[PDB]
Amino acid sequence: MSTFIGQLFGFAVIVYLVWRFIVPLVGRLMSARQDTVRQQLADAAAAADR
Amino acid sequence: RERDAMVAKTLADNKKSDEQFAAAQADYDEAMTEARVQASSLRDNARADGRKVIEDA
């Protein structure tokens with residue numbers, strides 16, 4: 001039952017690598033898209049009341 | 001589909017709003033110039049029949 005521990009260390013380093021490199025950029029991307037559509041709805045309401 | 005229709009409706013709303021904005025001053029001037037040409041219709045018919053009565057008297 002020692003391959004379990006080795007694979008678990010492998011899984012730990014791979015999840016550390018993803019949480020370090022990948023999740024920041026994808027978070028930034030989805031946040032940029034979120035704020036873009038937010039601004040779109042906001043100026044839609046603005047043009048309506050205008 | 002809804003979001004694209006929304007952005008298109010927003011563009012059209014801005015355009016129509018600015019167009020109605022211009023049409024505001026447009027029709028305001030149109031109405032007041034109709035009014036002043038109606039006014040200038042008077043003060044000449046008055047001058048016309050004033051001249052007529054002055055000459056007939």
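Peer 1: Explanation requested: the overall build of chain B in the structure shown.
Peer 2: Along its length, chain B carries two helices and zero strands. Over its C-alpha trace chain B gives a radius of gyration of 24 Å, far above what one expects of a compact globule, namely 10 Å for 57 residues. With the C-alpha coordinates aligned to their principal axes, the bounding extent of chain B is approximately 80 × 15 × 5 Å. Residue burial in chain B is summarised as follows: out of 57 residues, 5% are buried. Surface exposure of chain B reaches about 5,200 Å², of which carbon and sulfur atoms provide 54%. For chain B, the separation between the mean place of its 10 positive charges and that of its 13 negative charges on side chains is 3 Å.

Peer 1: Would you mind going over helix α1 (residues 2-41) of chain B with me for this structure?
Peer 2: Taking 1.5 Å as the rise per residue, α1(B) with 40 residues should run 58 Å; its terminal C-alpha atoms sit 55 Å apart, in good agreement. B:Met6, B:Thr10 and B:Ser17 are the residues of α1(B) that are buried. The elements touched by buried residues of α1(B) are α1 (3-49) of chain A. B:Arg43 lies just past α1(B) and shows a positive phi near 65°.

The rules behind the values
Chain by chain, residues are numbered from 1 following the written sequence, and this numbering need not agree with the entry; no residue without coordinates is displayed. A letter from A marks each chain and a number from 1 marks each ligand, given out in the order of writing. For clarity, the chains displayed are a part of a larger assembly, and the values are limited to that part. Heavy atoms throughout the structure, all of them, feed into the side-chain values; hydrogens and water do not. Numbered from the N terminus, helices here are DSSP runs of H or I no shorter than four residues, and strands are runs of E no shorter than two. For this measure, only C-alpha atoms enter the radius of gyration; the expected value for a globule follows 2.2 Å times N^0.38, where N is the number of residues. Think of it in three bands: residues with accessible area under 20% of the maximum for their type are buried, residues over 50% are exposed, and the middle band is partly exposed, with areas taken using a 1.4 Å probe on protein chains only. Surface accessibility follows the Shrake-Rupley procedure with a 1.4 Å probe radius. Residue values consider only the protein chains on display as shielding. Counted as positive: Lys and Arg. Counted as negative: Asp and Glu. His and the chain ends are not counted at all. Here the site of a charge means atom NZ of a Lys, CZ of an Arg, CG of an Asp or CD of a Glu. Multiply 1.5 Å by the residue count of a helix minus one, and that product is the helix's expected span. Contact between two residues is taken to exist if any of their heavy atoms lie within 4.5 Å; hydrogens are not considered.

Interpretation note: all reported values are geometric properties and have no functional meaning in isolation.
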